[PDB]
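A.B. asks: Below is work-v1.cif; it holds mmCIF, C-alpha atoms and all ligand atoms; chains and numbers go by the auth columns.
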```
data_model
#
loop_
_atom_site.group_PDB
_atom_site.id
_atom_site.type_symbol
_atom_site.label_atom_id
_atom_site.label_comp_id
_atom_site.label_asym_id
_atom_site.label_seq_id
_atom_site.Cartn_x
_atom_site.Cartn_y
_atom_site.Cartn_z
_atom_site.B_iso_or_equiv
_atom_site.auth_seq_id
_atom_site.auth_asym_id
ATOM 1 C CA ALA A 1 56.658 79.337 186.773 0.00 808 E
ATOM 2 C CA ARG A 2 54.108 80.889 184.466 0.00 809 E
ATOM 3 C CA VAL A 3 50.838 78.921 184.721 0.00 810 E
ATOM 4 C CA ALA A 4 47.721 78.662 182.552 0.00 811 E
ATOM 5 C CA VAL A 5 44.493 77.242 184.029 0.00 812 E
ATOM 6 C CA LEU A 6 41.926 75.616 181.739 0.00 813 E
ATOM 7 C CA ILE A 7 38.305 75.438 182.945 0.00 814 E
ATOM 8 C CA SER A 8 34.862 74.362 181.760 0.00 815 E
ATOM 9 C CA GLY A 9 32.620 75.467 184.639 0.00 816 E
ATOM 10 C CA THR A 10 32.321 76.888 188.138 0.00 817 E
ATOM 11 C CA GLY A 11 36.035 77.418 188.788 0.00 818 E
ATOM 12 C CA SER A 12 36.315 76.579 192.500 0.00 819 E
ATOM 13 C CA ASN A 13 39.633 74.841 191.871 0.00 820 E
ATOM 14 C CA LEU A 14 40.690 77.848 189.800 0.00 821 E
ATOM 15 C CA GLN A 15 39.760 80.032 192.749 0.00 822 E
ATOM 16 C CA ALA A 16 41.727 77.841 195.156 0.00 823 E
ATOM 17 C CA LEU A 17 44.743 78.057 192.815 0.00 824 E
ATOM 18 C CA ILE A 18 44.397 81.844 192.541 0.00 825 E
ATOM 19 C CA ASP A 19 44.303 82.192 196.342 0.00 826 E
ATOM 20 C CA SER A 20 47.443 80.096 196.784 0.00 827 E
ATOM 21 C CA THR A 21 49.525 81.678 194.035 0.00 828 E
ATOM 22 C CA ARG A 22 48.949 85.107 195.570 0.00 829 E
ATOM 23 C CA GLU A 23 50.834 83.841 198.638 0.00 830 E
ATOM 24 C CA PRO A 24 54.284 85.478 198.977 0.00 831 E
ATOM 25 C CA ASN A 25 56.128 82.118 198.882 0.00 832 E
ATOM 26 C CA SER A 26 54.178 80.842 195.845 0.00 833 E
ATOM 27 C CA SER A 27 56.448 79.552 193.078 0.00 834 E
ATOM 28 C CA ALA A 28 53.615 79.863 190.548 0.00 835 E
ATOM 29 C CA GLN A 29 51.865 82.793 188.905 0.00 836 E
ATOM 30 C CA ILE A 30 48.605 82.375 186.972 0.00 837 E
ATOM 31 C CA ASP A 31 48.965 84.376 183.766 0.00 838 E
ATOM 32 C CA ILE A 32 46.017 83.217 181.663 0.00 839 E
ATOM 33 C CA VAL A 33 42.699 81.460 182.176 0.00 840 E
ATOM 34 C CA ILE A 34 41.270 79.506 179.221 0.00 841 E
ATOM 35 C CA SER A 35 37.713 78.118 179.082 0.00 842 E
ATOM 36 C CA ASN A 36 36.143 76.053 176.323 0.00 843 E
ATOM 37 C CA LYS A 37 32.673 77.272 177.412 0.00 844 E
ATOM 38 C CA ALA A 38 31.414 80.855 177.554 0.00 845 E
ATOM 39 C CA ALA A 39 29.420 82.478 180.371 0.00 846 E
ATOM 40 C CA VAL A 40 30.870 79.929 182.830 0.00 847 E
ATOM 41 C CA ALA A 41 31.556 81.240 186.313 0.00 848 E
ATOM 42 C CA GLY A 42 35.289 80.484 186.314 0.00 849 E
ATOM 43 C CA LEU A 43 35.656 83.224 183.723 0.00 850 E
ATOM 44 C CA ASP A 44 34.280 85.707 186.269 0.00 851 E
ATOM 45 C CA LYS A 45 36.383 84.451 189.160 0.00 852 E
ATOM 46 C CA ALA A 46 39.389 85.027 186.892 0.00 853 E
ATOM 47 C CA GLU A 47 38.221 88.428 185.664 0.00 854 E
ATOM 48 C CA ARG A 48 37.616 89.472 189.284 0.00 855 E
ATOM 49 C CA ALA A 49 41.184 88.297 189.943 0.00 856 E
ATOM 50 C CA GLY A 50 42.604 90.514 187.223 0.00 857 E
ATOM 51 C CA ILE A 51 43.720 87.454 185.264 0.00 858 E
ATOM 52 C CA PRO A 52 43.294 87.552 181.462 0.00 859 E
ATOM 53 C CA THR A 53 40.739 85.148 180.040 0.00 860 E
ATOM 54 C CA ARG A 54 40.318 83.505 176.640 0.00 861 E
ATOM 55 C CA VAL A 55 37.464 81.301 175.423 0.00 862 E
ATOM 56 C CA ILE A 56 38.331 78.635 172.849 0.00 863 E
ATOM 57 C CA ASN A 57 35.067 77.002 171.750 0.00 864 E
ATOM 58 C CA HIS A 58 35.833 73.425 170.699 0.00 865 E
ATOM 59 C CA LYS A 59 32.891 73.708 168.279 0.00 866 E
ATOM 60 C CA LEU A 60 34.329 76.168 165.752 0.00 867 E
ATOM 61 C CA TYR A 61 37.127 73.599 165.221 0.00 868 E
ATOM 62 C CA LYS A 62 36.709 70.674 162.839 0.00 869 E
ATOM 63 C CA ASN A 63 38.951 68.239 164.727 0.00 870 E
ATOM 64 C CA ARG A 64 40.534 68.043 168.171 0.00 871 E
ATOM 65 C CA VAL A 65 44.120 68.805 167.135 0.00 872 E
ATOM 66 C CA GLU A 66 43.004 71.987 165.395 0.00 873 E
ATOM 67 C CA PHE A 67 41.231 72.858 168.652 0.00 874 E
ATOM 68 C CA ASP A 68 44.188 72.062 170.925 0.00 875 E
ATOM 69 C CA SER A 69 46.499 73.806 168.432 0.00 876 E
ATOM 70 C CA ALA A 70 44.312 76.840 169.137 0.00 877 E
ATOM 71 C CA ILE A 71 45.002 76.497 172.867 0.00 878 E
ATOM 72 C CA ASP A 72 48.733 75.838 172.436 0.00 879 E
ATOM 73 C CA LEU A 73 48.926 79.098 170.481 0.00 880 E
ATOM 74 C CA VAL A 74 47.601 81.008 173.501 0.00 881 E
ATOM 75 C CA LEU A 75 49.921 79.109 175.846 0.00 882 E
ATOM 76 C CA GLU A 76 52.864 80.194 173.691 0.00 883 E
ATOM 77 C CA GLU A 77 51.586 83.780 173.530 0.00 884 E
ATOM 78 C CA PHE A 78 51.594 83.950 177.350 0.00 885 E
ATOM 79 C CA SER A 79 54.971 82.145 177.665 0.00 886 E
ATOM 80 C CA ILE A 80 53.261 79.538 179.861 0.00 887 E
ATOM 81 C CA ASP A 81 55.336 76.924 181.687 0.00 888 E
ATOM 82 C CA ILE A 82 52.726 74.812 183.493 0.00 889 E
ATOM 83 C CA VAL A 83 49.178 73.962 182.386 0.00 890 E
ATOM 84 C CA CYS A 84 46.564 73.248 185.076 0.00 891 E
ATOM 85 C CA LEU A 85 43.394 71.416 184.012 0.00 892 E
ATOM 86 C CA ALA A 86 40.868 72.582 186.642 0.00 893 E
ATOM 87 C CA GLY A 87 37.478 71.199 185.650 0.00 894 E
ATOM 88 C CA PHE A 88 38.416 71.186 181.985 0.00 895 E
ATOM 89 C CA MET A 89 36.190 68.549 180.404 0.00 896 E
ATOM 90 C CA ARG A 90 37.844 68.049 177.004 0.00 897 E
ATOM 91 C CA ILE A 91 40.235 65.257 176.169 0.00 898 E
ATOM 92 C CA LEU A 92 43.501 66.548 174.790 0.00 899 E
ATOM 93 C CA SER A 93 45.107 65.272 171.601 0.00 900 E
ATOM 94 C CA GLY A 94 48.226 63.128 171.672 0.00 901 E
ATOM 95 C CA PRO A 95 50.662 65.711 170.313 0.00 902 E
ATOM 96 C CA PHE A 96 49.335 68.351 172.701 0.00 903 E
ATOM 97 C CA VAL A 97 49.786 65.986 175.644 0.00 904 E
ATOM 98 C CA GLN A 98 53.204 64.872 174.384 0.00 905 E
ATOM 99 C CA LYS A 99 54.371 68.467 173.911 0.00 906 E
ATOM 100 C CA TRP A 100 53.299 69.386 177.449 0.00 907 E
ATOM 101 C CA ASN A 101 54.444 66.058 178.895 0.00 908 E
ATOM 102 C CA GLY A 102 55.686 66.673 182.402 0.00 909 E
ATOM 103 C CA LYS A 103 54.219 70.204 182.438 0.00 910 E
ATOM 104 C CA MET A 104 50.421 69.610 182.606 0.00 911 E
ATOM 105 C CA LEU A 105 48.529 68.813 185.824 0.00 912 E
ATOM 106 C CA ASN A 106 44.974 67.510 186.140 0.00 913 E
ATOM 107 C CA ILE A 107 42.668 67.235 189.177 0.00 914 E
ATOM 108 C CA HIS A 108 40.373 64.185 189.191 0.00 915 E
ATOM 109 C CA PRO A 109 37.767 63.503 191.951 0.00 916 E
ATOM 110 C CA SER A 110 38.697 59.940 192.785 0.00 917 E
ATOM 111 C CA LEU A 111 41.578 58.005 194.257 0.00 918 E
ATOM 112 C CA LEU A 112 42.983 56.909 190.923 0.00 919 E
ATOM 113 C CA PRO A 113 43.297 54.350 189.577 0.00 920 E
ATOM 114 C CA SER A 114 39.716 53.894 190.843 0.00 921 E
ATOM 115 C CA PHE A 115 36.815 55.506 188.980 0.00 922 E
ATOM 116 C CA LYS A 116 38.429 56.985 185.900 0.00 923 E
ATOM 117 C CA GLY A 117 36.360 59.088 183.560 0.00 924 E
ATOM 118 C CA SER A 118 33.819 61.817 183.861 0.00 925 E
ATOM 119 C CA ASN A 119 31.442 60.550 186.585 0.00 926 E
ATOM 120 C CA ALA A 120 33.809 59.418 189.324 0.00 927 E
ATOM 121 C CA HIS A 121 31.328 60.233 192.112 0.00 928 E
ATOM 122 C CA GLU A 122 28.513 58.287 190.474 0.00 929 E
ATOM 123 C CA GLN A 123 30.906 55.374 190.107 0.00 930 E
ATOM 124 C CA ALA A 124 32.081 55.621 193.705 0.00 931 E
ATOM 125 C CA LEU A 125 28.470 55.696 194.965 0.00 932 E
ATOM 126 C CA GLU A 126 27.355 52.884 192.648 0.00 933 E
ATOM 127 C CA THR A 127 30.300 50.779 193.829 0.00 934 E
ATOM 128 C CA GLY A 128 29.758 51.406 197.530 0.00 935 E
ATOM 129 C CA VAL A 129 33.168 52.543 198.752 0.00 936 E
ATOM 130 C CA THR A 130 33.312 54.171 202.182 0.00 937 E
ATOM 131 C CA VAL A 131 36.512 56.051 201.253 0.00 938 E
ATOM 132 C CA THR A 132 37.000 58.073 198.093 0.00 939 E
ATOM 133 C CA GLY A 133 39.148 61.143 197.439 0.00 940 E
ATOM 134 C CA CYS A 134 40.854 63.202 194.769 0.00 941 E
ATOM 135 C CA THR A 135 44.047 62.948 192.710 0.00 942 E
ATOM 136 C CA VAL A 136 46.390 65.512 191.137 0.00 943 E
ATOM 137 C CA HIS A 137 48.474 63.825 188.430 0.00 944 E
ATOM 138 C CA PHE A 138 50.555 64.640 185.368 0.00 945 E
ATOM 139 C CA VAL A 139 48.490 64.376 182.213 0.00 946 E
ATOM 140 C CA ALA A 140 49.692 61.412 180.169 0.00 947 E
ATOM 141 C CA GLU A 141 48.266 60.192 176.879 0.00 948 E
ATOM 142 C CA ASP A 142 46.002 57.562 178.451 0.00 949 E
ATOM 143 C CA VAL A 143 43.431 59.435 180.538 0.00 950 E
ATOM 144 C CA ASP A 144 43.748 59.550 184.348 0.00 951 E
ATOM 145 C CA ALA A 145 46.822 57.311 184.181 0.00 952 E
ATOM 146 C CA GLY A 146 49.665 59.817 184.197 0.00 953 E
ATOM 147 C CA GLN A 147 52.040 60.037 187.125 0.00 954 E
ATOM 148 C CA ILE A 148 50.348 60.820 190.431 0.00 955 E
ATOM 149 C CA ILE A 149 51.592 63.855 192.366 0.00 956 E
ATOM 150 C CA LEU A 150 49.206 64.112 195.351 0.00 957 E
ATOM 151 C CA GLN A 151 46.098 62.378 196.658 0.00 958 E
ATOM 152 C CA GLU A 152 43.783 63.008 199.593 0.00 959 E
ATOM 153 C CA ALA A 153 41.230 60.580 201.019 0.00 960 E
ATOM 154 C CA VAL A 154 37.640 61.694 201.695 0.00 961 E
ATOM 155 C CA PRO A 155 35.070 59.603 203.644 0.00 962 E
ATOM 156 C CA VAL A 156 31.847 58.622 201.949 0.00 963 E
ATOM 157 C CA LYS A 157 29.007 59.133 204.430 0.00 964 E
ATOM 158 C CA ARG A 158 25.821 57.064 204.548 0.00 965 E
ATOM 159 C CA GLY A 159 23.168 58.688 202.386 0.00 966 E
ATOM 160 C CA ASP A 160 25.737 60.626 200.324 0.00 967 E
ATOM 161 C CA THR A 161 24.774 61.806 196.868 0.00 968 E
ATOM 162 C CA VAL A 162 26.822 63.344 194.082 0.00 969 E
ATOM 163 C CA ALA A 163 25.879 66.749 195.500 0.00 970 E
ATOM 164 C CA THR A 164 27.154 66.046 199.033 0.00 971 E
ATOM 165 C CA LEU A 165 30.086 63.730 198.195 0.00 972 E
ATOM 166 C CA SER A 166 31.400 66.143 195.562 0.00 973 E
ATOM 167 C CA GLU A 167 31.014 69.032 198.034 0.00 974 E
ATOM 168 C CA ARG A 168 33.197 67.187 200.551 0.00 975 E
ATOM 169 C CA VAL A 169 35.728 66.057 197.938 0.00 976 E
ATOM 170 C CA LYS A 170 36.156 69.567 196.519 0.00 977 E
ATOM 171 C CA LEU A 171 37.424 70.672 199.925 0.00 978 E
ATOM 172 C CA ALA A 172 40.255 68.204 199.502 0.00 979 E
ATOM 173 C CA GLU A 173 40.772 69.224 195.855 0.00 980 E
ATOM 174 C CA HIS A 174 41.259 72.852 196.920 0.00 981 E
ATOM 175 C CA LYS A 175 44.101 71.695 199.214 0.00 982 E
ATOM 176 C CA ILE A 176 46.118 69.203 197.167 0.00 983 E
ATOM 177 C CA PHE A 177 45.784 71.081 193.870 0.00 984 E
ATOM 178 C CA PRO A 178 47.532 74.240 195.129 0.00 985 E
ATOM 179 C CA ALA A 179 50.073 72.029 196.889 0.00 986 E
ATOM 180 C CA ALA A 180 50.716 69.942 193.754 0.00 987 E
ATOM 181 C CA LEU A 181 51.165 73.066 191.656 0.00 988 E
ATOM 182 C CA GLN A 182 53.614 74.438 194.195 0.00 989 E
ATOM 183 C CA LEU A 183 55.591 71.163 194.186 0.00 990 E
ATOM 184 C CA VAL A 184 55.868 71.259 190.387 0.00 991 E
ATOM 185 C CA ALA A 185 56.518 75.001 190.099 0.00 992 E
ATOM 186 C CA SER A 186 59.301 74.907 192.689 0.00 993 E
ATOM 187 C CA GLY A 187 61.052 72.053 190.895 0.00 994 E
ATOM 188 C CA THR A 188 60.547 69.871 193.948 0.00 995 E
ATOM 189 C CA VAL A 189 58.601 67.337 191.847 0.00 996 E
ATOM 190 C CA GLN A 190 59.017 66.459 188.180 0.00 997 E
ATOM 191 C CA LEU A 191 58.477 63.664 185.740 0.00 998 E
ATOM 192 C CA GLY A 192 61.707 61.699 185.899 0.00 999 E
ATOM 193 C CA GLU A 193 63.620 60.507 182.863 0.00 1000 E
ATOM 194 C CA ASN A 194 62.326 57.017 183.809 0.00 1001 E
ATOM 195 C CA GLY A 195 58.769 58.359 183.402 0.00 1002 E
ATOM 196 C CA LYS A 196 57.828 57.965 187.041 0.00 1003 E
ATOM 197 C CA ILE A 197 57.592 60.930 189.388 0.00 1004 E
ATOM 198 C CA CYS A 198 60.827 62.467 190.644 0.00 1005 E
ATOM 199 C CA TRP A 199 61.294 64.117 194.049 0.00 1006 E
ATOM 200 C CA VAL A 200 64.035 66.652 194.753 0.00 1007 E
HETATM 201 N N1 LIG B . 45.042 62.733 177.133 0.00 1101 E
HETATM 202 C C1 LIG B . 44.462 63.141 178.299 0.00 1101 E
HETATM 203 N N2 LIG B . 43.585 64.182 178.194 0.00 1101 E
HETATM 204 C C2 LIG B . 42.992 64.608 179.359 0.00 1101 E
HETATM 205 S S1 LIG B . 42.098 65.612 179.545 0.00 1101 E
HETATM 206 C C3 LIG B . 41.823 65.554 181.242 0.00 1101 E
HETATM 207 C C4 LIG B . 40.915 66.373 182.090 0.00 1101 E
HETATM 208 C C5 LIG B . 40.088 65.270 182.748 0.00 1101 E
HETATM 209 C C6 LIG B . 38.650 65.457 182.300 0.00 1101 E
HETATM 210 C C7 LIG B . 38.030 64.253 181.641 0.00 1101 E
HETATM 211 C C8 LIG B . 38.130 62.944 181.954 0.00 1101 E
HETATM 212 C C9 LIG B . 37.402 62.091 181.149 0.00 1101 E
HETATM 213 C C10 LIG B . 36.723 62.775 180.175 0.00 1101 E
HETATM 214 C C11 LIG B . 35.837 62.320 179.110 0.00 1101 E
HETATM 215 O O1 LIG B . 35.504 61.153 178.994 0.00 1101 E
HETATM 216 N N3 LIG B . 35.429 63.344 178.314 0.00 1101 E
HETATM 217 C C12 LIG B . 34.531 63.313 177.154 0.00 1101 E
HETATM 218 C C13 LIG B . 33.305 64.176 177.497 0.00 1101 E
HETATM 219 C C14 LIG B . 33.383 65.562 176.843 0.00 1101 E
HETATM 220 C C15 LIG B . 32.689 66.673 177.596 0.00 1101 E
HETATM 221 O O2 LIG B . 32.507 67.742 177.059 0.00 1101 E
HETATM 222 O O3 LIG B . 32.274 66.478 178.860 0.00 1101 E
HETATM 223 C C16 LIG B . 35.243 63.863 175.929 0.00 1101 E
HETATM 224 O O4 LIG B . 35.922 64.869 175.981 0.00 1101 E
HETATM 225 O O5 LIG B . 35.134 63.232 174.750 0.00 1101 E
HETATM 226 S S2 LIG B . 37.015 64.494 180.307 0.00 1101 E
HETATM 227 C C17 LIG B . 42.565 64.552 181.710 0.00 1101 E
HETATM 228 C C18 LIG B . 43.293 63.969 180.586 0.00 1101 E
HETATM 229 C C19 LIG B . 44.251 62.866 180.547 0.00 1101 E
HETATM 230 O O6 LIG B . 44.536 62.293 181.593 0.00 1101 E
HETATM 231 N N4 LIG B . 44.816 62.478 179.390 0.00 1101 E
HETATM 232 N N1 LIG B . 37.414 64.130 185.065 0.00 1102 E
HETATM 233 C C1 LIG B . 37.703 65.467 185.550 0.00 1102 E
HETATM 234 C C2 LIG B . 36.704 65.928 186.588 0.00 1102 E
HETATM 235 O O1 LIG B . 35.769 65.197 186.931 0.00 1102 E
HETATM 236 N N2 LIG B . 36.916 67.159 187.073 0.00 1102 E
HETATM 237 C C3 LIG B . 36.155 67.641 188.186 0.00 1102 E
HETATM 238 O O2 LIG B . 35.341 68.793 187.867 0.00 1102 E
HETATM 239 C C4 LIG B . 35.134 69.642 189.014 0.00 1102 E
HETATM 240 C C5 LIG B . 35.365 71.094 188.652 0.00 1102 E
HETATM 241 O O3 LIG B . 34.998 71.961 189.729 0.00 1102 E
HETATM 242 P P1 LIG B . 35.410 73.519 189.648 0.00 1102 E
HETATM 243 O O4 LIG B . 35.049 73.929 188.236 0.00 1102 E
HETATM 244 O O5 LIG B . 34.563 74.181 190.712 0.00 1102 E
HETATM 245 O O6 LIG B . 36.904 73.541 189.919 0.00 1102 E
HETATM 246 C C6 LIG B . 36.109 69.122 190.074 0.00 1102 E
HETATM 247 O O7 LIG B . 35.395 68.483 191.106 0.00 1102 E
HETATM 248 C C7 LIG B . 37.028 68.106 189.372 0.00 1102 E
HETATM 249 O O8 LIG B . 37.459 67.033 190.168 0.00 1102 E
HETATM 250 NA NA NA B . 40.106 63.509 185.205 0.00 1103 E
#
```
As structure tokens, how would this structure be written, given the file I've shared?
Ligand SMILES: Nc1nc2sc(CCCc3ccc(C(=O)N[C@@H](CCC(=O)O)C(=O)O)s3)cc2c(=O)[nH]1
Ligand SMILES: NCC(=O)N[C@@H]1O[C@H](COP(=O)([O-])[O-])[C@@H](O)[C@H]1O
Ligand code: NA

C.D. replies:
Amino acid sequence: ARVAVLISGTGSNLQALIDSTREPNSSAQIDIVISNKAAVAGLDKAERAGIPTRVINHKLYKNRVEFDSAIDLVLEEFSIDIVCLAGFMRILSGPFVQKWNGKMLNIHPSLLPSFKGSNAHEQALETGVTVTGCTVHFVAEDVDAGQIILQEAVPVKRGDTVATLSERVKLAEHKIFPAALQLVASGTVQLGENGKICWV
């Protein structure tokens, strides 16, 4: 499966995905890396990897659909099969999500359905859980409520902050995201006709 990875920042999940898709048995190949922000470090991790990069600045675009349409165009150009949102911090338009229904994965740093949205760690700390984690799911139209592919639990330690909790969670992210991609690329997992997640 040809895979595109969209980023907005450091790219540690990108780097974990790169590492795993270079494995002999990997059913995925990363063919393009797209970032909506320039001079972000994921772009360099990808350039060091030999992977093409494109920056699509969501500012030059009047509306969202014109912006996503810009991305779609690149996906088509690279004959992409699977889209991986790895720290991509834009919300995708309905038609874009519908078009890539069943083919777009997202990594979120909570145990969904807990702590949706952009500050999951702050929410987890504010709430006082002693267990959090991360979730790889299919992107559906309503955010962080598509079909769940993998989750891993991560303990919250006394005195944790966003810095230390997110450090510990990212170690889980870098495991279940490559695994989730491999499940979907190998055809072992798919969105079923019934909309829930289908194992094979
Ligand atoms: N349809 C759809 N689009 C998706 S995109 C992502 C990737 C998950 C990332 C995010 C989660 C919440 C965010 C948010 O509230 N974002 C603001 C802030 C903008 C910024 O620049 O930080 C905004 O974009 O307006 S972003 C997942 C999903 C999804 O499940 N369904
Ligand atoms: N709502 C989505 C979200 O919060 N995404 C989060 O951004 C980070 C990106 O790190 P990286 O750029 O080093 O992969 C990850 O921790 C991921 O869970
Ligand atoms: Na998310």

A.B. asks: At a cut-off of 9 Å around ligand LIG 1102 (chain E), and using all atoms listed in the file, what residues come up? Please write them as number ranges by chain.

C.D. replies: E: 814-823, 848-849, 892-897, 913-917, 923-928, 941-942, 950-951, 973-974, 976-977, 980-981

A.B. asks: Go ahead and save the picked residues with C-alpha atoms, as a PDB file, keeping the file's coordinate frame.

C.D. replies:
```pdb
ATOM      1  CA  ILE E 814      38.305  75.438 182.945  1.00  0.00           C
ATOM      2  CA  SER E 815      34.862  74.362 181.760  1.00  0.00           C
ATOM      3  CA  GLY E 816      32.620  75.467 184.639  1.00  0.00           C
ATOM      4  CA  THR E 817      32.321  76.888 188.138  1.00  0.00           C
ATOM      5  CA  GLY E 818      36.035  77.418 188.788  1.00  0.00           C
ATOM      6  CA  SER E 819      36.315  76.579 192.500  1.00  0.00           C
ATOM      7  CA  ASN E 820      39.633  74.841 191.871  1.00  0.00           C
ATOM      8  CA  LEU E 821      40.690  77.848 189.800  1.00  0.00           C
ATOM      9  CA  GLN E 822      39.760  80.032 192.749  1.00  0.00           C
ATOM     10  CA  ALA E 823      41.727  77.841 195.156  1.00  0.00           C
ATOM     11  CA  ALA E 848      31.556  81.240 186.313  1.00  0.00           C
ATOM     12  CA  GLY E 849      35.289  80.484 186.314  1.00  0.00           C
ATOM     13  CA  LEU E 892      43.394  71.416 184.012  1.00  0.00           C
ATOM     14  CA  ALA E 893      40.868  72.582 186.642  1.00  0.00           C
ATOM     15  CA  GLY E 894      37.478  71.199 185.650  1.00  0.00           C
ATOM     16  CA  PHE E 895      38.416  71.186 181.985  1.00  0.00           C
ATOM     17  CA  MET E 896      36.190  68.549 180.404  1.00  0.00           C
ATOM     18  CA  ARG E 897      37.844  68.049 177.004  1.00  0.00           C
ATOM     19  CA  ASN E 913      44.974  67.510 186.140  1.00  0.00           C
ATOM     20  CA  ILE E 914      42.668  67.235 189.177  1.00  0.00           C
ATOM     21  CA  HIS E 915      40.373  64.185 189.191  1.00  0.00           C
ATOM     22  CA  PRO E 916      37.767  63.503 191.951  1.00  0.00           C
ATOM     23  CA  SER E 917      38.697  59.940 192.785  1.00  0.00           C
ATOM     24  CA  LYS E 923      38.429  56.985 185.900  1.00  0.00           C
ATOM     25  CA  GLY E 924      36.360  59.088 183.560  1.00  0.00           C
ATOM     26  CA  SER E 925      33.819  61.817 183.861  1.00  0.00           C
ATOM     27  CA  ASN E 926      31.442  60.550 186.585  1.00  0.00           C
ATOM     28  CA  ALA E 927      33.809  59.418 189.324  1.00  0.00           C
ATOM     29  CA  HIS E 928      31.328  60.233 192.112  1.00  0.00           C
ATOM     30  CA  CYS E 941      40.854  63.202 194.769  1.00  0.00           C
ATOM     31  CA  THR E 942      44.047  62.948 192.710  1.00  0.00           C
ATOM     32  CA  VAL E 950      43.431  59.435 180.538  1.00  0.00           C
ATOM     33  CA  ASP E 951      43.748  59.550 184.348  1.00  0.00           C
ATOM     34  CA  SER E 973      31.400  66.143 195.562  1.00  0.00           C
ATOM     35  CA  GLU E 974      31.014  69.032 198.034  1.00  0.00           C
ATOM     36  CA  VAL E 976      35.728  66.057 197.938  1.00  0.00           C
ATOM     37  CA  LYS E 977      36.156  69.567 196.519  1.00  0.00           C
ATOM     38  CA  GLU E 980      40.772  69.224 195.855  1.00  0.00           C
ATOM     39  CA  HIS E 981      41.259  72.852 196.920  1.00  0.00           C
TER      40      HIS E 981
END
```

A.B. asks: Taking the file as shown, what set of residues would the PyMOL selection byres (((chain E and resi 937-940) around 8) and not hetatm) give back, as a PyMOL selection string?

C.D. replies: chain E and resi 916-918+931+935-936+941-942+958-964+976+979

A.B. asks: Keeping C-alpha atoms, export the residues of the selection given above as an mmCIF file, keeping the file's coordinate frame.

C.D. replies:
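Produced file out.cif, reproduced below:
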```
data_model
loop_
_atom_site.group_PDB
_atom_site.id
_atom_site.type_symbol
_atom_site.label_atom_id
_atom_site.label_comp_id
_atom_site.auth_asym_id
_atom_site.auth_seq_id
_atom_site.Cartn_x
_atom_site.Cartn_y
_atom_site.Cartn_z
ATOM 1 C CA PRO E 916 37.767 63.503 191.951
ATOM 2 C CA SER E 917 38.697 59.940 192.785
ATOM 3 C CA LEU E 918 41.578 58.005 194.257
ATOM 4 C CA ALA E 931 32.081 55.621 193.705
ATOM 5 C CA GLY E 935 29.758 51.406 197.530
ATOM 6 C CA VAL E 936 33.168 52.543 198.752
ATOM 7 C CA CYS E 941 40.854 63.202 194.769
ATOM 8 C CA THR E 942 44.047 62.948 192.710
ATOM 9 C CA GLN E 958 46.098 62.378 196.658
ATOM 10 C CA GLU E 959 43.783 63.008 199.593
ATOM 11 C CA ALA E 960 41.230 60.580 201.019
ATOM 12 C CA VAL E 961 37.640 61.694 201.695
ATOM 13 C CA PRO E 962 35.070 59.603 203.644
ATOM 14 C CA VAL E 963 31.847 58.622 201.949
ATOM 15 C CA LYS E 964 29.007 59.133 204.430
ATOM 16 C CA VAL E 976 35.728 66.057 197.938
ATOM 17 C CA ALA E 979 40.255 68.204 199.502
#
```

A.B. asks: Skip residue 995 in chain E itself and residues of its chain fewer than 3 positions away, then list as a short mmCIF file (atom, residue, chain, number, x, y, z; two decimals) with C-alpha atoms, keeping the file's coordinate frame all residues within 8 Å of it, counting all atoms listed in the file.

C.D. replies:
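Output file part.cif is given in full below:
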```
data_model
loop_
_atom_site.label_atom_id
_atom_site.label_comp_id
_atom_site.auth_asym_id
_atom_site.auth_seq_id
_atom_site.Cartn_x
_atom_site.Cartn_y
_atom_site.Cartn_z
CA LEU E 990 55.59 71.16 194.19
CA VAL E 991 55.87 71.26 190.39
CA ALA E 992 56.52 75.00 190.10
CA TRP E 1006 61.29 64.12 194.05
CA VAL E 1007 64.04 66.65 194.75
#
```

A.B. asks: Would you pick out the contacts of residue 888 in chain E at 10 Å or less, using all atoms listed in the file, so that residues sharing its chain but fewer than 2 positions from it are not included, and give the list as a VMD selection string?

C.D. replies: chain E and resid 808 to 811 835 to 836 882 to 883 885 to 886 890 907 910 to 911 992

A.B. asks: Check what the PyMOL selection byres (((chain E and resi 872) around 9) and not hetatm) selects in the file above and give those residues as a PDB file with C-alpha atoms, in the frame of the given file.

C.D. replies:
```
ATOM      1  CA  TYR E 868      37.127  73.599 165.221  1.00  0.00           C
ATOM      2  CA  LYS E 869      36.709  70.674 162.839  1.00  0.00           C
ATOM      3  CA  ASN E 870      38.951  68.239 164.727  1.00  0.00           C
ATOM      4  CA  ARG E 871      40.534  68.043 168.171  1.00  0.00           C
ATOM      5  CA  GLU E 873      43.004  71.987 165.395  1.00  0.00           C
ATOM      6  CA  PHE E 874      41.231  72.858 168.652  1.00  0.00           C
ATOM      7  CA  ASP E 875      44.188  72.062 170.925  1.00  0.00           C
ATOM      8  CA  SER E 876      46.499  73.806 168.432  1.00  0.00           C
ATOM      9  CA  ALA E 877      44.312  76.840 169.137  1.00  0.00           C
ATOM     10  CA  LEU E 899      43.501  66.548 174.790  1.00  0.00           C
ATOM     11  CA  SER E 900      45.107  65.272 171.601  1.00  0.00           C
ATOM     12  CA  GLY E 901      48.226  63.128 171.672  1.00  0.00           C
ATOM     13  CA  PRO E 902      50.662  65.711 170.313  1.00  0.00           C
ATOM     14  CA  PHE E 903      49.335  68.351 172.701  1.00  0.00           C
TER      15      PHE E 903
END
```

A.B. asks: In Å, with one decimal, what is the gap from CA of residue 864 in chain E to CA of residue 852 in chain E?

C.D. replies: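 The value is 19.0 Å.
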
A.B. asks: Extending 6 Å beyond the listed atoms of ligand LIG 1101 (chain E) on each side, what axis-aligned box results? I want centre and edge lengths in Å to one decimal, as lines of an AutoDock Vina configuration file.

C.D. replies:
```
center_x = 38.7
center_y = 64.4
center_z = 178.7
size_x = 24.8
size_y = 18.6
size_z = 20.0
```
